[PDB]
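A quick write-up on the structure given underneath.
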2 protein chains.
Amino acid sequence: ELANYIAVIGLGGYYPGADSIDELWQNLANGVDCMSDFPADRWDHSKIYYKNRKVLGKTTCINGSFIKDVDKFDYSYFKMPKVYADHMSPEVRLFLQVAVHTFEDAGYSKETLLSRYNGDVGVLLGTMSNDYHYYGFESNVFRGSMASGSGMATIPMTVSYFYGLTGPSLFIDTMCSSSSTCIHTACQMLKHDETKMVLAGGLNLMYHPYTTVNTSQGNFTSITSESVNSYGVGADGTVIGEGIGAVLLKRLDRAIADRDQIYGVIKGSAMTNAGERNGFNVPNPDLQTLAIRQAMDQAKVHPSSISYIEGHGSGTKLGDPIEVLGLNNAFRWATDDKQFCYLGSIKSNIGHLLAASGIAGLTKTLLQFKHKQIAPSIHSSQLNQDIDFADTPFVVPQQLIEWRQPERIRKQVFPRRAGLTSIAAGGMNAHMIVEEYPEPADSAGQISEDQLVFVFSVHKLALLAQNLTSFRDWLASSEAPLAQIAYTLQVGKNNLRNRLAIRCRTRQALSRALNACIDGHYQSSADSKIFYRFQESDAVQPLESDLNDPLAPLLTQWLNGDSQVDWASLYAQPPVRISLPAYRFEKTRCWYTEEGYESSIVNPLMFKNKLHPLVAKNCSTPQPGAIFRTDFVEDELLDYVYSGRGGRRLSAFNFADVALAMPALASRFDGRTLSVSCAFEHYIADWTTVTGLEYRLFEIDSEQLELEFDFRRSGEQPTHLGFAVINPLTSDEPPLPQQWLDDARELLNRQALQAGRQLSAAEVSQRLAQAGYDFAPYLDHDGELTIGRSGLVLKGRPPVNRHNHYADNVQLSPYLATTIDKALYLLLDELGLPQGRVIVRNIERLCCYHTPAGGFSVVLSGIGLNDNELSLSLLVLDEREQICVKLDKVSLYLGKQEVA
Amino acid sequence: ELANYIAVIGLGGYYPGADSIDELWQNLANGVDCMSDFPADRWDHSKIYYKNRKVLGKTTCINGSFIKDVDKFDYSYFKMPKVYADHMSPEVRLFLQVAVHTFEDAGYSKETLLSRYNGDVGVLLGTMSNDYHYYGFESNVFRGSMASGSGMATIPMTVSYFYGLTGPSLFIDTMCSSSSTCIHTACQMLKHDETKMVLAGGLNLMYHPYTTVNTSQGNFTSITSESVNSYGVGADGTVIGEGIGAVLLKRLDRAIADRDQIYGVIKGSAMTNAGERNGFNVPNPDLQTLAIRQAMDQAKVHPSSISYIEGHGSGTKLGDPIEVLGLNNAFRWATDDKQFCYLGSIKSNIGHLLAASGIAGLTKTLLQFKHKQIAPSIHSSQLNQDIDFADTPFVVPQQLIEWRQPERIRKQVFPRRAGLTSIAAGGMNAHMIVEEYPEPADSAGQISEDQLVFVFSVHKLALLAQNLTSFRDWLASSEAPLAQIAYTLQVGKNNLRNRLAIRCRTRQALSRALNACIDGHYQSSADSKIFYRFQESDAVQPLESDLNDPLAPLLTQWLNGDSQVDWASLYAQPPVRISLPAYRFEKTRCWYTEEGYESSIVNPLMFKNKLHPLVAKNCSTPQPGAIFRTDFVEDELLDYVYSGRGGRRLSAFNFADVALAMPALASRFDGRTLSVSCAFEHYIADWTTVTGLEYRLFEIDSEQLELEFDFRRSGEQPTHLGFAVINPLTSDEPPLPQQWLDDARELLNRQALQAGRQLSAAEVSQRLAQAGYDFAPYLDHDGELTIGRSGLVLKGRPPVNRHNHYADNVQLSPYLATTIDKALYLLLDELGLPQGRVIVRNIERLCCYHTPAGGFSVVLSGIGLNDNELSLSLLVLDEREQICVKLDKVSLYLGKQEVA
């Protein structure tokens, strides 16, 4: 019956790429992919992102949907100190703002809630992520600091406290079905008179990088898809998105009597759980079809009537076919008709908002009701091949289309009906049935045009023009009756200290009066009388008393600050509430940390407690010389350590990088190009057993440093690995030998002529794979290999995402050092040693002029095979043909097995 | 009229100091204060505790109530890999165990839930803290490691998934009223047939030190009380405790029909929120009274009928009078009688369990119903003086008393009725009414005594004897009918793989049969036939089929593994369920970290990234000599930095501690007592301006080190602060001068005879306070001061809780160094310089023989005043009156004004 149903009288929230719900609709209607890359303001995602989950601590999330102003909060509006606002989680902060938008969207101000319900309004919401506490916790890991974050129940109770709501303030978490449960629970409390209204809501936010890491390790997000292709090309998972949704639910009969803006009518709501299963997340359409039919039976709606289904649309390859199968089953029992219902998902636009998925989906459906249009379900141009949509009621919309009331069945004009599906993890299948409620014919109400006052209030004057500008822009496009605007402003917008009243009888006067107010003039014109009290500035433009005008007292009370003003008395019939533009809050950054704060998740202490990735500590005794030690742990050195046939390998040239970083750690040779001459006495066949490298730096002269670096195994004493000599390059250094360029330049030019032998990156990877090399750890990218008459060139494009993004003293990068091993091995293969192991004895006069930025070309020329030694001159040419690393002679050691 | 009541058919949980709910009752009945100090297994609380909240990052929580086996989980029972068990939060793990206890306590096994409800059982729970994720996060702060913890919804859904429950699985968080709202929500769903049973529950756990840090900063826990004096002497706050509660709620009509163990009947439930208020936590007795009336009005119970009130009893001085005032108002409206109801709180026994406060309180009330006794509300022998209990219905019980049926108004024998009050943070004033359900006369049922089979199952055989031992011990004391035991074992205990059946006739037969099974003997005796099938060992002792016996088919089905065995057919009347001993799980440590893991919260990186609290890094160039630098930040050096009149001061003797620790940092002078001769060239009047200390250690000889320590201000260049010469003492050390002992021994003896001048610690504190000294940071503890003819003695007892508990190279502790400043000042005052500032120029031949542990006595002898110089020999005797620090000459600088 009418009283059984629950009407969504208000609707607001912060959704990606939408400054307001009207902006959200324009995005959905135009099919805007609000999915976006992680912004630099929060964190540099390139520092935490890796392509797959094998590298631990990184995130496989390529992108997402992000709501702007996650760190902005109007603590002054909500009567909170900034110190406490900073330490309050953004879930609490931003849901208060969404709470205001939802309550104001319904035309219910704090005064009206107290006036009419004494705050008997519930606030139910859910979120899977409240990760603000990490900020305070992480600081406490270093230095005792105030704990950050708020109790996860603080989100609804903060809304209840600010509004003084005496209804339930519950935090329900059912993971992805939080909003669906909160709306479902909200309905039950409203059907049973437990509450007058409920602010059902939900919110998912991604403002701490650990949220991406935790989400990535859940193995439920895509690692290749930048978008949620709902019912399109499937993916291994969904793509998470940000969003804060809130729908103000009131019993339908109340709303009609209260003359509220019924966005829609929730006739049915079914929750079905999987039960016994061989896995926590085991999709079962039989449970989906039961939920779909349970809601429809509860809503008493035939399947033929449903003309929209806001399906889960997670974009998963397996999930989507199952979802349509569940919906298809729930519809075939009644109708054999095909392609009459429209199946879409907001996830196609803004991704999987998790706890806000249901609220976000309902928001899409309600806006479609309001605009009588079915927004396109984007990213479904190429429909899923596992779904036969020609054999289902569902045609996934690709263009914005008017939502005709179905004429089918008989020939009856059923009202617009929709279904919200929430296939959440744990089998928590849910379904809702939403109908449009027809707009009352007498929505404008009745009020003498003289008694029309448009009342605007802000809590700071800096926001007055911003707020009035928003209203003026909306008023320009709005065709709503002036009485509706007046009433909603009067009984819908929170009465704030700075107040403004425009007494005008026509819309043009209101626009003209506003434009003066934005300009700060406030003069009372012939067509508009402007009164205001700016309690912030104690500036008054009062209203001359008139005994005849009923608006004189009410307006005098409102200006003077009386929160309870009986505005309804001015109206013979109270106008229905409408959706005025949302209050424009002050965008004050309320964050625990500073703007440039890179969390230790981005730069784990295995990186930022090291002077160099291979030189961790400086354990130097008072004796002459500097001693550094590093606790060699492979997981902390993934950029460096790769796998070969003998065992776990590490480029000998990484120790030329150490030599180049040493003068900085000795506070010597400031800003001078260095020449390094490394000689290795020992070869570590398997680096798995190496538990630490010990470095000893000395000063032979004023322009030379000797580095003797050793390695420790488990229990064994240190073993001498090699020694490096670091000498600066002067202005008198000779230019590079000409024949070396002649051979080097010929090798690169040979690629243009396609002479000699050339191997593609895939061929090189296959060629190196046969050798037993596994460069999975940030070293797998190979480049085109040219092999000329006097050497070979091996391209290399360092990955955008390396393991260690903190190090600033890595000049000969581990990728380049490994790319050199690839080049040297690929050279050893040509000479007839497919299984030969590279043994770098000498790196004689290595010189890196400027730190590489992009791709490079390792040129190995001047190859000579003496007795048990292979000598070659090595260059590393940037993509701009310039020499970046010059190396006169790499001397390799070839054993009897190789040569003989 | 009983269809609107909810019967608590099951009750289980892990409460402090209680291996079982029966043991919990014994604790409550005997008035056992289960409050205890934080165990060493989790963390060393002395490392994180501070007396007040001024020191940040520490916890003011002195103690709490802790449940044993927080890290133990039976992952094999719940079909989980240990990796999943380790990384899943203890809330999920332990509540999943409490779920089994609650379901088995109700006599519902997973099979009976599926057999009779298809799992249409709900699981609602709430917890204010889920702090497992920190373990994974903190590891990710250092090294990329797989994330820990579970979503807060994973607690109810994991129970739902394991048991295959199709009902609601919600996580409701209303902070301290989580259990009250979960039970209240459970009642609503059960009234409206939305579920067959609901496992209302809640849990608070403290297994990560940051939980205490976060709790301490909430400013809602006592910083001086070891206990929660519910309705006794108040405190500034409550004392949090651990606990996992769960009540299996079913409608009264169904429970009677199902013949369940109705612990109590929730007749009424009311929740009233505060609304408008001048503060989030603003107590309002009027709204408490409304909740009490609402529950009583809902339950149709006159106030005179209630004979117990399980009030909040948080022990707060403000809260308790308000609570009793609220309850007094709710009762004095009808009855003017005084001292007829009994007011208690489980918090007095186990503290404030936050989310489990309501469930814990209900558990107490339900146990009192079963045992018909009102357990004492301990810690209330001295009733709160702000409460007039003579003018109140409530007498806070002090001893265990029988709960006689109230014969009040007319004169009628009312049933045992109790009230549960939950005053949670915010305004969540919730009240509940619980009545006793009479035990049915025909509880034993009717089963032919030859058809008695006692069926025991375990998922491991190692637990079989442990489980049977528990049952045998319980069976020895239990008078319950054999049929009740048989039925509950049959339809109440999960049918685990290893199965045992004792087909006995009498209770003594069962005990003899059991004792054989505990001993490993399973031979069928004359009075008992034992049958079993063990999947773990594939060991079978089947039963010869008897077509006449109707128990042969059911028993064969059970032994063969058939989960669905129709045991009820054996009973002419199904016996009522009883509470068998809880399943004894396997105590496998499933923890993310290893034993002894001190979280960075305990040892923040400001401590364990420092080689010495004042010597942080080793930024040493290859040149001769070792260079150390420290980023001087006062908050990271609270142990060291105190306040004086000029500014923020630091003991010059702290730099003798550095000298004693550098030979270790030079890898020199191993195990040798060192002699330090510090000479300070500059005095830092205010240490607030110091931004870093730079140390330089040199090697004058093979048995001597030269230390030059500097300090840099904000922007200024380094300034020479002093130089220390560190020598090793040899076996040829001369004995200490005798006249020094004469003065040293003489000064100490004066305290015994109260000779000379003696000042108590309070007098010393006042004396130093007048000088402007504020040793607030771990330096305020003063000791008795003795003043003799030839010096003064200043006792000092280092606080148990210092700032830096990681440092192991602090030998001359900052407290002892500061104590010397107190001793030296008190010497300056003696000479007539109350405003004199200590300028320690030389610390000559300082020698700390052994690192002190406890209290000490700074003896200042041989005082001599020269031109602008005060010389005095300083000892530091320990509590055993043996020299610990020797110091030949402290040389102070006195300005011309000081001298005259």
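Chains: A, B, ... in order of the structure tokens. Residues: from 1 per chain. Ligands: from 1, in order shown.
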Practice problem: Find the spatial neighbours of residue 726 of chain A, counting only C-alpha atoms, within a cut-off of 10 Å - ignore same-chain residues fewer than 6 positions away - and output them as a VMD selection string. | Solution: chain A and resid 656 659 to 663 669 673 to 678 697 699 703 to 707 845 to 847
Write out the residues from the selection above, keeping N, CA and C atoms, as a PDB file, in the first residue's frame.
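Output saved as part.pdb:
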ATOM      1  N   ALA A 656      79.384  -0.174 -10.396  1.00  0.00           N
ATOM      2  CA  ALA A 656      79.852   1.085 -10.959  1.00  0.00           C
ATOM      3  C   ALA A 656      78.915   2.221 -10.578  1.00  0.00           C
ATOM      4  N   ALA A 659      79.982   3.242  -7.131  1.00  0.00           N
ATOM      5  CA  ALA A 659      81.167   4.085  -7.197  1.00  0.00           C
ATOM      6  C   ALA A 659      80.807   5.511  -7.587  1.00  0.00           C
ATOM      7  N   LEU A 660      79.837   5.676  -8.486  1.00  0.00           N
ATOM      8  CA  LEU A 660      79.421   7.013  -8.887  1.00  0.00           C
ATOM      9  C   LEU A 660      78.668   7.737  -7.780  1.00  0.00           C
ATOM     10  N   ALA A 661      77.995   7.008  -6.894  1.00  0.00           N
ATOM     11  CA  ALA A 661      77.293   7.614  -5.772  1.00  0.00           C
ATOM     12  C   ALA A 661      78.183   7.826  -4.558  1.00  0.00           C
ATOM     13  N   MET A 662      79.390   7.256  -4.554  1.00  0.00           N
ATOM     14  CA  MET A 662      80.232   7.320  -3.361  1.00  0.00           C
ATOM     15  C   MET A 662      80.772   8.714  -3.095  1.00  0.00           C
ATOM     16  N   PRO A 663      81.320   9.435  -4.071  1.00  0.00           N
ATOM     17  CA  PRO A 663      81.838  10.773  -3.767  1.00  0.00           C
ATOM     18  C   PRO A 663      80.807  11.672  -3.119  1.00  0.00           C
ATOM     19  N   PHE A 669      84.075  15.634  -4.497  1.00  0.00           N
ATOM     20  CA  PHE A 669      83.896  15.680  -5.946  1.00  0.00           C
ATOM     21  C   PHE A 669      82.516  16.234  -6.293  1.00  0.00           C
ATOM     22  N   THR A 673      81.934  15.196 -13.198  1.00  0.00           N
ATOM     23  CA  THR A 673      81.830  13.897 -13.840  1.00  0.00           C
ATOM     24  C   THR A 673      82.932  12.985 -13.325  1.00  0.00           C
ATOM     25  N   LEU A 674      82.559  11.755 -12.993  1.00  0.00           N
ATOM     26  CA  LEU A 674      83.467  10.805 -12.375  1.00  0.00           C
ATOM     27  C   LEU A 674      83.817   9.696 -13.354  1.00  0.00           C
ATOM     28  N   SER A 675      85.058   9.234 -13.266  1.00  0.00           N
ATOM     29  CA  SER A 675      85.543   8.096 -14.029  1.00  0.00           C
ATOM     30  C   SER A 675      85.785   6.949 -13.059  1.00  0.00           C
ATOM     31  N   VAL A 676      85.123   5.823 -13.299  1.00  0.00           N
ATOM     32  CA  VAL A 676      85.139   4.678 -12.397  1.00  0.00           C
ATOM     33  C   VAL A 676      85.863   3.527 -13.076  1.00  0.00           C
ATOM     34  N   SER A 677      86.724   2.847 -12.326  1.00  0.00           N
ATOM     35  CA  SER A 677      87.469   1.690 -12.814  1.00  0.00           C
ATOM     36  C   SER A 677      87.297   0.558 -11.806  1.00  0.00           C
ATOM     37  N   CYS A 678      86.290  -0.283 -12.025  1.00  0.00           N
ATOM     38  CA  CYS A 678      85.970  -1.381 -11.124  1.00  0.00           C
ATOM     39  C   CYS A 678      86.659  -2.655 -11.588  1.00  0.00           C
ATOM     40  N   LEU A 697      85.590   2.783   1.631  1.00  0.00           N
ATOM     41  CA  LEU A 697      86.014   3.854   0.745  1.00  0.00           C
ATOM     42  C   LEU A 697      87.249   4.522   1.332  1.00  0.00           C
ATOM     43  N   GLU A 699      90.904   7.275   0.453  1.00  0.00           N
ATOM     44  CA  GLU A 699      91.372   8.480  -0.227  1.00  0.00           C
ATOM     45  C   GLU A 699      92.845   8.305  -0.566  1.00  0.00           C
ATOM     46  N   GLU A 703      92.194  13.649  -5.620  1.00  0.00           N
ATOM     47  CA  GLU A 703      91.339  13.505  -6.793  1.00  0.00           C
ATOM     48  C   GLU A 703      91.170  12.030  -7.136  1.00  0.00           C
ATOM     49  N   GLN A 704      90.986  11.196  -6.116  1.00  0.00           N
ATOM     50  CA  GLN A 704      90.851   9.764  -6.338  1.00  0.00           C
ATOM     51  C   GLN A 704      90.315   9.114  -5.075  1.00  0.00           C
ATOM     52  N   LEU A 705      89.426   8.141  -5.262  1.00  0.00           N
ATOM     53  CA  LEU A 705      88.872   7.361  -4.168  1.00  0.00           C
ATOM     54  C   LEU A 705      88.925   5.886  -4.532  1.00  0.00           C
ATOM     55  N   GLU A 706      89.323   5.067  -3.565  1.00  0.00           N
ATOM     56  CA  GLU A 706      89.334   3.617  -3.704  1.00  0.00           C
ATOM     57  C   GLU A 706      88.174   3.050  -2.909  1.00  0.00           C
ATOM     58  N   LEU A 707      87.318   2.290  -3.576  1.00  0.00           N
ATOM     59  CA  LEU A 707      86.210   1.604  -2.928  1.00  0.00           C
ATOM     60  C   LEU A 707      86.479   0.110  -2.986  1.00  0.00           C
ATOM     61  N   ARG A 845      87.530   2.590 -16.756  1.00  0.00           N
ATOM     62  CA  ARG A 845      87.144   3.956 -17.117  1.00  0.00           C
ATOM     63  C   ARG A 845      85.693   4.022 -17.603  1.00  0.00           C
ATOM     64  N   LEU A 846      84.788   3.801 -16.655  1.00  0.00           N
ATOM     65  CA  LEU A 846      83.373   4.084 -16.847  1.00  0.00           C
ATOM     66  C   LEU A 846      83.111   5.544 -16.514  1.00  0.00           C
ATOM     67  N   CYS A 847      82.300   6.207 -17.335  1.00  0.00           N
ATOM     68  CA  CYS A 847      81.998   7.619 -17.128  1.00  0.00           C
ATOM     69  C   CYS A 847      80.556   7.880 -17.527  1.00  0.00           C
TER      70      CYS A 847
END
Quiz item: Contacts of residue 407 of chain A at 12 Å or less, counting only C-alpha atoms, minus same-chain residues fewer than 4 places along, as number ranges by chain?
Solution: A: 304-307, 340, 403, 411-416
Quiz item: If you run DSSP on this backbone, which residues of segment 5-146 of chain B come out as helix (DSSP H, G or I), and could you give them as a VMD selection string?
Solution: chain B and resid 21 to 29 45 to 47 82 to 87 90 to 105 110 to 117 133 to 142
Exercise. Pick out the residues sitting within 12 Å of residue 885 of chain A, and hand them over as a PyMOL selection string; count only C-alpha atoms, and ignore anything fewer than 6 positions along from it in its own chain.
Key: chain A and resi 653+656-657+660+673-676+736+811-813+816-817+820+843+845-852+856-860+873-878
Keeping C-alpha atoms for every residue in the selection just given, could you write it to a file as a compact mmCIF listing (two decimals), in the first residue's frame?
# COMPACT_ATOMS: atom_id res chain seq x y z
CA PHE A 653 77.75 -2.63 -13.30
CA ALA A 656 79.85 1.09 -10.96
CA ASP A 657 76.69 2.92 -9.93
CA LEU A 660 79.42 7.01 -8.89
CA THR A 673 81.83 13.90 -13.84
CA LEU A 674 83.47 10.80 -12.37
CA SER A 675 85.54 8.10 -14.03
CA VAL A 676 85.14 4.68 -12.40
CA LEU A 736 86.46 9.81 -27.29
CA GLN A 811 72.97 7.23 -11.96
CA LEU A 812 73.86 3.99 -13.75
CA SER A 813 70.39 2.64 -13.16
CA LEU A 816 70.83 -0.06 -17.53
CA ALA A 817 73.24 -2.26 -15.58
CA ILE A 820 74.30 -4.29 -20.14
CA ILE A 843 84.88 -2.02 -15.87
CA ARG A 845 87.14 3.96 -17.12
CA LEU A 846 83.37 4.08 -16.85
CA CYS A 847 82.00 7.62 -17.13
CA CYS A 848 78.37 8.74 -16.84
CA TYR A 849 78.12 12.35 -17.97
CA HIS A 850 74.47 12.98 -17.09
CA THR A 851 71.82 10.84 -15.42
CA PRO A 852 69.68 9.03 -18.02
CA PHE A 856 69.02 4.21 -24.31
CA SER A 857 71.18 2.07 -26.58
CA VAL A 858 73.98 -0.11 -25.23
CA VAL A 859 76.68 -0.24 -27.92
CA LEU A 860 79.40 -2.87 -27.50
CA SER A 873 84.21 -0.99 -25.42
CA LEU A 874 80.77 -0.10 -24.06
CA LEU A 875 78.68 2.99 -24.74
CA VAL A 876 75.18 3.88 -23.59
CA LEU A 877 73.58 6.29 -26.04
CA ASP A 878 70.46 8.18 -25.06
Which polymer residues have any atom within 6 Å of an atom of residue 107 of chain B, counting only C-alpha atoms, with same-chain residues fewer than 2 positions away left out, as a tab-separated table (two decimals) with C-alpha atoms, in the first residue's frame?
chain	number	residue	atom	x	y	z
B	104	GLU	CA	26.52	-24.96	20.21
B	105	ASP	CA	25.43	-23.39	23.50
B	488	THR	CA	22.22	-31.49	22.68
B	492	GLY	CA	23.98	-29.14	19.09
B	577	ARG	CA	18.62	-27.91	24.82
Exercise. Name the residues in contact with residue 478 of chain A at a cut-off of 10 Å, using only C-alpha atoms, excluding same-chain residues fewer than 5 positions from it; report them as a PyMOL selection string.
Key: chain A and resi 471-473+485+507+580
Deliver the residues from the most recent selection as a file, using N, CA, C and O atoms, as a PDB file, in the first residue's frame.
ATOM      1  N   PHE A 471      23.305  30.179  -7.400  1.00  0.00           N
ATOM      2  CA  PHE A 471      21.855  30.276  -7.493  1.00  0.00           C
ATOM      3  C   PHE A 471      21.428  31.057  -8.728  1.00  0.00           C
ATOM      4  O   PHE A 471      20.477  30.672  -9.416  1.00  0.00           O
ATOM      5  N   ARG A 472      22.119  32.156  -9.024  1.00  0.00           N
ATOM      6  CA  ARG A 472      21.776  32.949 -10.199  1.00  0.00           C
ATOM      7  C   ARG A 472      21.941  32.132 -11.471  1.00  0.00           C
ATOM      8  O   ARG A 472      21.093  32.180 -12.369  1.00  0.00           O
ATOM      9  N   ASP A 473      23.034  31.377 -11.568  1.00  0.00           N
ATOM     10  CA  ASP A 473      23.247  30.532 -12.738  1.00  0.00           C
ATOM     11  C   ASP A 473      22.162  29.470 -12.842  1.00  0.00           C
ATOM     12  O   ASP A 473      21.637  29.203 -13.928  1.00  0.00           O
ATOM     13  N   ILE A 485      10.872  28.048  -5.372  1.00  0.00           N
ATOM     14  CA  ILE A 485      12.198  28.546  -5.017  1.00  0.00           C
ATOM     15  C   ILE A 485      12.156  29.228  -3.659  1.00  0.00           C
ATOM     16  O   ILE A 485      13.028  29.015  -2.809  1.00  0.00           O
ATOM     17  N   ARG A 507      10.937  36.764 -11.751  1.00  0.00           N
ATOM     18  CA  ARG A 507      12.221  36.081 -11.866  1.00  0.00           C
ATOM     19  C   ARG A 507      13.306  37.013 -12.384  1.00  0.00           C
ATOM     20  O   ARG A 507      14.455  36.948 -11.930  1.00  0.00           O
ATOM     21  N   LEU A 580      17.383  23.069  -5.068  1.00  0.00           N
ATOM     22  CA  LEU A 580      18.179  24.262  -5.259  1.00  0.00           C
ATOM     23  C   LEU A 580      19.653  23.887  -5.368  1.00  0.00           C
ATOM     24  O   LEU A 580      20.059  22.805  -4.941  1.00  0.00           O
TER      25      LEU A 580
END
Quiz item: Among segment 427-616 of chain A, which ones does DSSP place in strand (DSSP E), written as a count of residues only?
Solution: 29
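Proximity ranking of A:449, A:634, A:435, A:297 relative to chain B places A:634 first, based on only C-alpha atoms.
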Self-check item: 9 Å contact set for segment 787-796 of chain B, only C-alpha atoms, chain neighbours under 6 positions out, as a PyMOL selection string
Solution: chain B and resi 743-744+746-748+750-751+755-759+761+781+815-816+819-820+822-823+826-827+830+854-863+872
Self-check item: Within 10 Å of residue 588 of chain A using only C-alpha atoms, minus same-chain residues under 5 positions, as a list in words
Solution: residues 69, 71, 72, 73, 74, 75, 76 and 82 of chain A
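Distances here use only C-alpha atoms; by that measure, the residue among B:732, B:578, B:499, B:100 closest to residue 482 of chain B is B:578.
Atom pair atom CA of residue 222 of chain A / atom CA of residue 349 of chain A has a distance of 15.7 Å (rounded to one decimal).
You can rank B:314, B:298, B:422, B:557 by their closest distance to residue 273 of chain B using only C-alpha atoms, and at the top of that list sits B:422.
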